[PDB]
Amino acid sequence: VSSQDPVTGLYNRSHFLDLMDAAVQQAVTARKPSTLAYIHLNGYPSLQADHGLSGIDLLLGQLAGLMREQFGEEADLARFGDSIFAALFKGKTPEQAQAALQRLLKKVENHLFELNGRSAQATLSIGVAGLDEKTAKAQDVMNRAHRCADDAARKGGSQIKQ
């Protein structure tokens, strides 16, 4: 079965979750820190309402292309859900990864999207969680970055919550 999201071009959640499992094992046996970024597209409901399936398909594809650009080789990129992206920064502490997360955040906030003639703007809410040897369950890492991202999007605008 294909491991890629045909809309965005990024790998799928299933694929990412395997990469996740492996990065945690590395973190608790080899003690190599990784960072998990949990990315919300802010105001997705309103963008879908105004632009519909076609509009958002284009947005997500552009949004991913900016993530590929801003993170390059440093991160593994997934389409986690409809309005949710995920990034794993293998070998980097959250501290070490903040720079690139800050860079993307602004790239998006200051980016104008062309959607079927129409024009739109968007910000992201990023929940960040580290992978370390004090990790107890791979699922705990997902949870923390999840919860942080949800708290991030609860505030409105471009947001990073570590």
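Start at 1 with the first residue shown and count on from there.
With 37-45 and 111-119 compared on mean CA B-factor from the PDB entry, the stretch scoring higher is 111-119. When 153-161 is weighed against 1-9, 1-9 comes out higher, by mean CA B-factor as recorded in the entry. The entry lists C-alpha B-factors for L131, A97, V128, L66, and the highest of these is at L131. For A138, the recorded CA B-factor ranks within the highest third of the chain. Only modelled residues enter the ranking.
Among the modelled residues of the chain, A27 sits in the middle third by CA temperature factor in this PDB entry.
Per the PDB record, residue ranking by Cα B-factor puts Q62 in the lowest third of the chain. When the modelled residues of the chain are ordered by their C-alpha B factor, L104 lands in the middle third.
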